[PDB]
$ cat model30.cif   # mmCIF, N, CA and C atoms
data_coords
loop_
_atom_site.group_PDB
_atom_site.id
_atom_site.type_symbol
_atom_site.label_atom_id
_atom_site.label_comp_id
_atom_site.auth_asym_id
_atom_site.auth_seq_id
_atom_site.Cartn_x
_atom_site.Cartn_y
_atom_site.Cartn_z
ATOM 1 N N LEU A 1 95.487 119.842 -17.290
ATOM 2 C CA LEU A 1 94.777 119.481 -16.041
ATOM 3 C C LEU A 1 94.640 117.967 -15.949
ATOM 4 N N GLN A 2 95.752 117.302 -15.929
ATOM 5 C CA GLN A 2 95.706 115.827 -15.841
ATOM 6 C C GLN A 2 95.358 115.402 -14.432
ATOM 7 N N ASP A 3 95.461 116.332 -13.527
ATOM 8 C CA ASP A 3 95.144 116.019 -12.129
ATOM 9 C C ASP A 3 95.072 117.283 -11.296
ATOM 10 N N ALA A 4 95.722 118.305 -11.769
ATOM 11 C CA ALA A 4 95.712 119.596 -11.021
ATOM 12 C C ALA A 4 96.099 119.375 -9.554
ATOM 13 N N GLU A 5 96.218 120.457 -8.810
ATOM 14 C CA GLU A 5 96.589 120.330 -7.371
ATOM 15 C C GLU A 5 95.388 120.635 -6.487
ATOM 16 N N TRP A 6 94.958 121.866 -6.520
ATOM 17 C CA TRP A 6 93.788 122.260 -5.691
ATOM 18 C C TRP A 6 92.699 121.208 -5.793
ATOM 19 N N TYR A 7 92.596 120.634 -6.950
ATOM 20 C CA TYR A 7 91.571 119.588 -7.172
ATOM 21 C C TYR A 7 92.163 118.226 -6.850
ATOM 22 N N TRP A 8 91.445 117.454 -6.080
ATOM 23 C CA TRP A 8 91.962 116.112 -5.722
ATOM 24 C C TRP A 8 91.528 115.092 -6.752
ATOM 25 N N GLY A 9 90.539 115.460 -7.514
ATOM 26 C CA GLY A 9 90.021 114.541 -8.564
ATOM 27 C C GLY A 9 88.565 114.219 -8.274
ATOM 28 N N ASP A 10 87.789 115.254 -8.147
ATOM 29 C CA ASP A 10 86.352 115.082 -7.863
ATOM 30 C C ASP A 10 86.121 114.194 -6.647
ATOM 31 N N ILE A 11 85.658 114.798 -5.571
ATOM 32 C CA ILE A 11 85.400 114.006 -4.334
ATOM 33 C C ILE A 11 83.998 114.293 -3.781
ATOM 34 N N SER A 12 83.888 114.381 -2.478
ATOM 35 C CA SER A 12 82.560 114.657 -1.877
ATOM 36 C C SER A 12 82.693 115.486 -0.600
ATOM 37 N N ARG A 13 81.590 116.037 -0.155
ATOM 38 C CA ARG A 13 81.627 116.859 1.080
ATOM 39 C C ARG A 13 82.417 116.172 2.168
ATOM 40 N N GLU A 14 82.422 114.881 2.126
ATOM 41 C CA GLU A 14 83.170 114.130 3.155
ATOM 42 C C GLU A 14 84.644 114.497 3.133
ATOM 43 N N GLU A 15 85.269 114.305 2.007
ATOM 44 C CA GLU A 15 86.704 114.641 1.916
ATOM 45 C C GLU A 15 86.898 116.146 1.973
ATOM 46 N N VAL A 16 86.228 116.845 1.095
ATOM 47 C CA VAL A 16 86.361 118.328 1.086
ATOM 48 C C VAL A 16 86.296 118.864 2.515
ATOM 49 N N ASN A 17 85.133 118.754 3.100
ATOM 50 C CA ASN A 17 84.949 119.242 4.495
ATOM 51 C C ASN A 17 86.050 118.742 5.420
ATOM 52 N N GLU A 18 86.160 117.440 5.515
ATOM 53 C CA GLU A 18 87.206 116.835 6.397
ATOM 54 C C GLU A 18 88.479 117.656 6.425
ATOM 55 N N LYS A 19 88.844 118.180 5.302
ATOM 56 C CA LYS A 19 90.078 118.995 5.261
ATOM 57 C C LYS A 19 89.781 120.440 5.587
ATOM 58 N N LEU A 20 88.706 120.916 5.063
ATOM 59 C CA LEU A 20 88.328 122.325 5.322
ATOM 60 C C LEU A 20 87.711 122.466 6.708
ATOM 61 N N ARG A 21 87.906 121.463 7.524
ATOM 62 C CA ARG A 21 87.340 121.515 8.896
ATOM 63 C C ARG A 21 87.532 122.887 9.526
ATOM 64 N N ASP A 22 88.705 123.426 9.378
ATOM 65 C CA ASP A 22 88.983 124.770 9.964
ATOM 66 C C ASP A 22 90.385 125.238 9.596
ATOM 67 N N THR A 23 90.962 124.609 8.612
ATOM 68 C CA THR A 23 92.328 125.009 8.198
ATOM 69 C C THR A 23 92.297 126.174 7.215
ATOM 70 N N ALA A 24 93.080 127.181 7.502
ATOM 71 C CA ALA A 24 93.121 128.364 6.604
ATOM 72 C C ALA A 24 91.758 129.041 6.502
ATOM 73 N N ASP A 25 91.776 130.350 6.414
ATOM 74 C CA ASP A 25 90.500 131.107 6.310
ATOM 75 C C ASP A 25 90.253 131.512 4.864
ATOM 76 N N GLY A 26 90.228 130.535 3.999
ATOM 77 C CA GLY A 26 89.994 130.826 2.554
ATOM 78 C C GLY A 26 90.574 129.698 1.704
ATOM 79 N N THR A 27 90.049 128.519 1.884
ATOM 80 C CA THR A 27 90.564 127.362 1.093
ATOM 81 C C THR A 27 89.769 127.180 -0.192
ATOM 82 N N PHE A 28 90.210 126.270 -1.043
ATOM 83 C CA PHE A 28 89.458 126.062 -2.313
ATOM 84 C C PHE A 28 89.881 124.801 -3.065
ATOM 85 N N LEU A 29 88.896 123.993 -3.395
ATOM 86 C CA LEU A 29 89.174 122.735 -4.134
ATOM 87 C C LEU A 29 87.984 122.422 -5.074
ATOM 88 N N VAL A 30 87.949 121.231 -5.651
ATOM 89 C CA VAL A 30 86.800 120.890 -6.581
ATOM 90 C C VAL A 30 85.760 119.986 -5.897
ATOM 91 N N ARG A 31 84.566 119.966 -6.451
ATOM 92 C CA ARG A 31 83.481 119.124 -5.872
ATOM 93 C C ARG A 31 82.685 118.439 -6.994
ATOM 94 N N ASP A 32 82.587 117.137 -6.919
ATOM 95 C CA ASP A 32 81.832 116.387 -7.965
ATOM 96 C C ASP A 32 80.371 116.817 -8.031
ATOM 97 N N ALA A 33 79.983 117.351 -9.162
ATOM 98 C CA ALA A 33 78.574 117.795 -9.313
ATOM 99 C C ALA A 33 77.709 116.678 -9.901
ATOM 100 N N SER A 34 76.794 117.051 -10.764
ATOM 101 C CA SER A 34 75.906 116.035 -11.390
ATOM 102 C C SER A 34 75.660 116.365 -12.861
ATOM 103 N N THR A 35 74.411 116.352 -13.254
ATOM 104 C CA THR A 35 74.084 116.661 -14.669
ATOM 105 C C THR A 35 74.541 115.534 -15.591
ATOM 106 N N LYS A 36 73.644 114.630 -15.873
ATOM 107 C CA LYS A 36 74.002 113.496 -16.763
ATOM 108 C C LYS A 36 75.185 112.711 -16.198
ATOM 109 N N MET A 37 75.628 113.102 -15.034
ATOM 110 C CA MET A 37 76.777 112.391 -14.414
ATOM 111 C C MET A 37 77.973 112.342 -15.366
ATOM 112 N N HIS A 38 78.673 113.441 -15.468
ATOM 113 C CA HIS A 38 79.850 113.475 -16.371
ATOM 114 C C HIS A 38 80.890 114.470 -15.861
ATOM 115 N N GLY A 39 80.921 115.630 -16.462
ATOM 116 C CA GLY A 39 81.909 116.668 -16.031
ATOM 117 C C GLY A 39 81.205 117.785 -15.255
ATOM 118 N N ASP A 40 81.590 119.009 -15.526
ATOM 119 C CA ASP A 40 80.958 120.146 -14.819
ATOM 120 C C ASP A 40 80.984 119.916 -13.322
ATOM 121 N N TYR A 41 82.043 120.332 -12.697
ATOM 122 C CA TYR A 41 82.144 120.145 -11.240
ATOM 123 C C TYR A 41 81.584 121.329 -10.480
ATOM 124 N N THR A 42 82.069 121.517 -9.298
ATOM 125 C CA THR A 42 81.586 122.639 -8.479
ATOM 126 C C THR A 42 82.699 123.167 -7.595
ATOM 127 N N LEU A 43 83.009 124.414 -7.751
ATOM 128 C CA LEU A 43 84.084 124.992 -6.921
ATOM 129 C C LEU A 43 83.577 125.287 -5.518
ATOM 130 N N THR A 44 84.338 124.874 -4.539
ATOM 131 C CA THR A 44 83.928 125.116 -3.132
ATOM 132 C C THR A 44 85.077 125.731 -2.357
ATOM 133 N N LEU A 45 84.775 126.779 -1.628
ATOM 134 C CA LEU A 45 85.834 127.456 -0.832
ATOM 135 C C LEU A 45 85.404 127.676 0.601
ATOM 136 N N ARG A 46 86.336 127.511 1.497
ATOM 137 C CA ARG A 46 86.018 127.704 2.919
ATOM 138 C C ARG A 46 86.130 129.170 3.273
ATOM 139 N N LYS A 47 85.000 129.790 3.514
ATOM 140 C CA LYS A 47 85.006 131.230 3.867
ATOM 141 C C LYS A 47 85.439 131.442 5.313
ATOM 142 N N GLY A 48 86.192 130.513 5.812
ATOM 143 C CA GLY A 48 86.669 130.632 7.219
ATOM 144 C C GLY A 48 85.552 130.320 8.210
ATOM 145 N N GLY A 49 84.610 129.542 7.785
ATOM 146 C CA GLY A 49 83.487 129.196 8.701
ATOM 147 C C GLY A 49 82.463 128.321 7.995
ATOM 148 N N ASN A 50 82.158 128.681 6.785
ATOM 149 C CA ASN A 50 81.173 127.898 6.008
ATOM 150 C C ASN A 50 81.656 127.663 4.586
ATOM 151 N N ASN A 51 81.423 126.479 4.095
ATOM 152 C CA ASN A 51 81.862 126.165 2.717
ATOM 153 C C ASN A 51 80.956 126.838 1.697
ATOM 154 N N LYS A 52 81.524 127.717 0.921
ATOM 155 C CA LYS A 52 80.715 128.412 -0.096
ATOM 156 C C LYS A 52 80.701 127.598 -1.376
ATOM 157 N N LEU A 53 79.530 127.266 -1.831
ATOM 158 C CA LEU A 53 79.437 126.468 -3.074
ATOM 159 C C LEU A 53 79.338 127.335 -4.324
ATOM 160 N N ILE A 54 80.079 126.946 -5.336
ATOM 161 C CA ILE A 54 80.063 127.708 -6.611
ATOM 162 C C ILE A 54 79.972 126.730 -7.778
ATOM 163 N N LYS A 55 79.129 127.028 -8.728
ATOM 164 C CA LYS A 55 78.991 126.110 -9.891
ATOM 165 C C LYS A 55 79.941 126.457 -11.038
ATOM 166 N N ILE A 56 80.252 125.449 -11.813
ATOM 167 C CA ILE A 56 81.161 125.627 -12.972
ATOM 168 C C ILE A 56 80.325 125.550 -14.248
ATOM 169 N N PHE A 57 80.425 126.542 -15.102
ATOM 170 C CA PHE A 57 79.617 126.488 -16.347
ATOM 171 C C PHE A 57 80.411 125.864 -17.492
ATOM 172 N N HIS A 58 80.204 124.583 -17.684
ATOM 173 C CA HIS A 58 80.913 123.853 -18.771
ATOM 174 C C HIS A 58 79.924 123.550 -19.900
ATOM 175 N N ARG A 59 80.415 123.087 -21.032
ATOM 176 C CA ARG A 59 79.473 122.784 -22.152
ATOM 177 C C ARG A 59 79.866 121.519 -22.917
ATOM 178 N N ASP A 60 81.019 121.547 -23.554
ATOM 179 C CA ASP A 60 81.465 120.343 -24.327
ATOM 180 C C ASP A 60 82.883 119.916 -23.952
ATOM 181 N N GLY A 61 83.351 120.383 -22.826
ATOM 182 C CA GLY A 61 84.732 120.011 -22.386
ATOM 183 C C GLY A 61 85.494 121.249 -21.933
ATOM 184 N N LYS A 62 85.010 122.382 -22.330
ATOM 185 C CA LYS A 62 85.683 123.635 -21.939
ATOM 186 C C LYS A 62 85.186 124.074 -20.564
ATOM 187 N N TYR A 63 85.339 125.330 -20.246
ATOM 188 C CA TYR A 63 84.872 125.797 -18.924
ATOM 189 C C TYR A 63 84.327 127.188 -19.006
ATOM 190 N N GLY A 64 83.513 127.517 -18.055
ATOM 191 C CA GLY A 64 82.911 128.861 -18.029
ATOM 192 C C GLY A 64 83.116 129.462 -16.658
ATOM 193 N N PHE A 65 83.964 130.435 -16.599
ATOM 194 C CA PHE A 65 84.240 131.093 -15.311
ATOM 195 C C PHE A 65 84.616 132.536 -15.549
ATOM 196 N N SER A 66 85.097 132.783 -16.725
ATOM 197 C CA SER A 66 85.503 134.162 -17.080
ATOM 198 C C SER A 66 85.218 134.437 -18.539
ATOM 199 N N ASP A 67 86.023 133.877 -19.385
ATOM 200 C CA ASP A 67 85.812 134.096 -20.828
ATOM 201 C C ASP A 67 84.489 133.445 -21.255
ATOM 202 N N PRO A 68 83.903 133.905 -22.363
ATOM 203 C CA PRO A 68 82.642 133.335 -22.837
ATOM 204 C C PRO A 68 82.846 131.866 -23.242
ATOM 205 N N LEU A 69 83.069 131.027 -22.256
ATOM 206 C CA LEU A 69 83.284 129.590 -22.546
ATOM 207 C C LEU A 69 84.134 129.425 -23.807
ATOM 208 N N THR A 70 85.010 130.374 -24.018
ATOM 209 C CA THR A 70 85.884 130.309 -25.208
ATOM 210 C C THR A 70 87.207 129.621 -24.888
ATOM 211 N N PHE A 71 87.681 129.785 -23.676
ATOM 212 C CA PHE A 71 88.964 129.134 -23.320
ATOM 213 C C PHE A 71 88.755 127.639 -23.126
ATOM 214 N N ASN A 72 89.611 126.994 -22.370
ATOM 215 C CA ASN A 72 89.400 125.519 -22.190
ATOM 216 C C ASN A 72 90.057 124.926 -20.939
ATOM 217 N N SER A 73 91.013 125.609 -20.360
ATOM 218 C CA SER A 73 91.673 125.033 -19.131
ATOM 219 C C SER A 73 91.450 125.853 -17.876
ATOM 220 N N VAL A 74 91.198 125.147 -16.809
ATOM 221 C CA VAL A 74 90.967 125.827 -15.524
ATOM 222 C C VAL A 74 92.294 126.200 -14.934
ATOM 223 N N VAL A 75 93.253 125.352 -15.157
ATOM 224 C CA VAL A 75 94.592 125.627 -14.627
ATOM 225 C C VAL A 75 95.019 126.978 -15.125
ATOM 226 N N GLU A 76 94.823 127.178 -16.391
ATOM 227 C CA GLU A 76 95.199 128.469 -16.990
ATOM 228 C C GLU A 76 94.487 129.582 -16.250
ATOM 229 N N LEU A 77 93.215 129.382 -16.029
ATOM 230 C CA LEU A 77 92.426 130.409 -15.308
ATOM 231 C C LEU A 77 92.856 130.478 -13.844
ATOM 232 N N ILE A 78 92.477 129.483 -13.094
ATOM 233 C CA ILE A 78 92.844 129.458 -11.659
ATOM 234 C C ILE A 78 94.278 129.921 -11.452
ATOM 235 N N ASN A 79 95.133 129.611 -12.391
ATOM 236 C CA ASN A 79 96.546 130.039 -12.242
ATOM 237 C C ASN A 79 96.626 131.558 -12.259
ATOM 238 N N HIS A 80 95.970 132.150 -13.224
ATOM 239 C CA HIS A 80 95.994 133.626 -13.316
ATOM 240 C C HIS A 80 95.438 134.245 -12.042
ATOM 241 N N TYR A 81 94.652 133.481 -11.330
ATOM 242 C CA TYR A 81 94.070 134.012 -10.075
ATOM 243 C C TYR A 81 94.944 133.675 -8.881
ATOM 244 N N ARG A 82 95.505 132.501 -8.887
ATOM 245 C CA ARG A 82 96.363 132.118 -7.760
ATOM 246 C C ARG A 82 97.385 133.209 -7.507
ATOM 247 N N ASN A 83 97.851 133.805 -8.570
ATOM 248 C CA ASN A 83 98.851 134.884 -8.420
ATOM 249 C C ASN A 83 98.171 136.193 -8.026
ATOM 250 N N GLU A 84 96.900 136.296 -8.349
ATOM 251 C CA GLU A 84 96.137 137.535 -8.011
ATOM 252 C C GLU A 84 95.059 137.261 -6.966
ATOM 253 N N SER A 85 93.815 137.464 -7.348
ATOM 254 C CA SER A 85 92.697 137.225 -6.393
ATOM 255 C C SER A 85 91.368 137.292 -7.099
ATOM 256 N N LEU A 86 90.371 136.723 -6.480
ATOM 257 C CA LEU A 86 89.031 136.741 -7.092
ATOM 258 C C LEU A 86 88.161 137.718 -6.345
ATOM 259 N N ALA A 87 87.955 138.853 -6.933
ATOM 260 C CA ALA A 87 87.110 139.867 -6.273
ATOM 261 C C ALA A 87 85.649 139.404 -6.230
ATOM 262 N N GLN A 88 85.452 138.137 -5.944
ATOM 263 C CA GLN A 88 84.089 137.598 -5.881
ATOM 264 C C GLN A 88 83.300 138.008 -7.113
ATOM 265 N N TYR A 89 83.946 137.934 -8.239
ATOM 266 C CA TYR A 89 83.259 138.312 -9.497
ATOM 267 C C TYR A 89 82.508 139.647 -9.353
ATOM 268 N N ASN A 90 82.752 140.356 -8.270
ATOM 269 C CA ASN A 90 82.048 141.662 -8.079
ATOM 270 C C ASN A 90 82.838 142.596 -7.097
ATOM 271 N N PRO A 91 82.878 143.923 -7.377
ATOM 272 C CA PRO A 91 83.601 144.877 -6.507
ATOM 273 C C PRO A 91 83.028 144.923 -5.072
ATOM 274 N N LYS A 92 83.308 146.027 -4.377
ATOM 275 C CA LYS A 92 82.827 146.225 -2.979
ATOM 276 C C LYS A 92 83.507 145.281 -1.998
ATOM 277 N N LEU A 93 83.815 144.118 -2.453
ATOM 278 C CA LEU A 93 84.479 143.139 -1.562
ATOM 279 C C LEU A 93 85.360 142.206 -2.377
ATOM 280 N N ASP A 94 86.256 141.518 -1.720
ATOM 281 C CA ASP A 94 87.136 140.596 -2.479
ATOM 282 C C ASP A 94 87.856 139.610 -1.572
ATOM 283 N N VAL A 95 88.223 138.487 -2.139
ATOM 284 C CA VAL A 95 88.933 137.458 -1.342
ATOM 285 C C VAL A 95 89.999 136.765 -2.187
ATOM 286 N N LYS A 96 90.979 136.207 -1.521
ATOM 287 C CA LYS A 96 92.074 135.502 -2.248
ATOM 288 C C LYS A 96 92.132 134.048 -1.806
ATOM 289 N N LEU A 97 92.343 133.151 -2.756
ATOM 290 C CA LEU A 97 92.410 131.704 -2.394
ATOM 291 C C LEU A 97 93.820 131.129 -2.624
ATOM 292 N N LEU A 98 94.752 131.596 -1.833
ATOM 293 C CA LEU A 98 96.149 131.106 -1.971
ATOM 294 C C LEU A 98 96.432 130.025 -0.941
ATOM 295 N N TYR A 99 95.416 129.259 -0.640
ATOM 296 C CA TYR A 99 95.578 128.170 0.350
ATOM 297 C C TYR A 99 94.782 126.941 -0.082
ATOM 298 N N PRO A 100 95.257 126.287 -1.123
ATOM 299 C CA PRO A 100 94.595 125.101 -1.640
ATOM 300 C C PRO A 100 94.850 123.907 -0.740
ATOM 301 N N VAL A 101 94.174 122.828 -1.016
ATOM 302 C CA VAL A 101 94.364 121.613 -0.188
ATOM 303 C C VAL A 101 94.500 120.396 -1.081
ATOM 304 N N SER A 102 95.327 119.475 -0.677
ATOM 305 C CA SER A 102 95.510 118.259 -1.499
ATOM 306 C C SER A 102 96.364 117.236 -0.782
ATOM 307 N N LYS A 103 97.007 116.409 -1.557
ATOM 308 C CA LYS A 103 97.875 115.361 -0.969
ATOM 309 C C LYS A 103 99.217 115.321 -1.691
ATOM 310 N N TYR A 104 99.468 116.331 -2.478
ATOM 311 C CA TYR A 104 100.744 116.378 -3.219
ATOM 312 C C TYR A 104 101.913 116.633 -2.277
#

$ encode --input "model30.cif" --output "structure tokens"
Amino acid sequence: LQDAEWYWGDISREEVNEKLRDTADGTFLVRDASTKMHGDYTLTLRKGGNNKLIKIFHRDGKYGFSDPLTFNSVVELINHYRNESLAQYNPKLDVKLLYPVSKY
């Protein structure tokens, strides 16, 4: 993850939104969070109307989204999903984010 694609490199609602203005009904990129001001970003996706905010559970450089913070790369994860879909971490409903945004 030297730069990833979906992620522009930690930005702000200004850039994120600006692009998610209304393009695609299910976009997804990264959002600069806080906490000691370091890592741990925030996943944000355009639900086709409102930007849904999601937090990233990080600890010492790894990530927390599926495995018990045992893995370490988001690309590896997000990749496994890009080909599939994220059932919103819960059944009954589900959505797919195959419409990332960037400048590549």

$ residues_around --input "model30.cif" --residues "residue 8 in chain A" --least-positions-apart "5" --cutoff "12 Å" --atoms "only C-alpha atoms" --output "number ranges by chain"
A: 1-3, 15-16, 19, 28-32, 41, 43, 100-104

$ residues_around --input "model30.cif" --residues "range 74-84 of chain A" --least-positions-apart "4" --cutoff "6 Å" --atoms "only N, CA and C atoms" --output "JSON, numbers by chain"
{"A": [96, 97, 98]}

$ atom_distance --input "model30.cif" --atom1 "atom C of residue 73 in chain A" --atom2 "atom C of residue 85 in chain A"
15.7 Å

$ atom_distance --input "model30.cif" --atom1 "CA of residue 87 in chain A" --atom2 "CA of residue 12 in chain A"
26.0 Å

$ closest_residue --input "model30.cif" --among "A:5, A:26, A:91, A:34" --to "residue 52 in chain A" --atoms "only C-alpha atoms"
A:26

$ closest_residue --input "model30.cif" --among "A:10, A:40, A:94, A:18" --to "residue 56 in chain A" --atoms "all atoms listed in the file"
A:40

$ select_by_dssp --input "model30.cif" --residues "chain A" --states "alpha helix (DSSP H)" --output "ChimeraX atom specification"
/A:13-20,74-82

$ atom_distance --input "model30.cif" --atom1 "CA of residue 20 in chain A" --atom2 "CA of residue 47 in chain A"
9.6 Å

$ closest_residue --input "model30.cif" --among "A:90, A:64, A:59, A:25" --to "residue 38 in chain A" --atoms "only C-alpha atoms"
A:59

$ select_by_dssp --input "model30.cif" --residues "range 3-103 of chain A" --states "strand (DSSP E or B)" --output "list in words"
residues 27, 28, 29, 30, 31, 42, 43, 44, 45, 46, 51, 52, 53, 54, 55, 86, 95, 99 and 100 of chain A
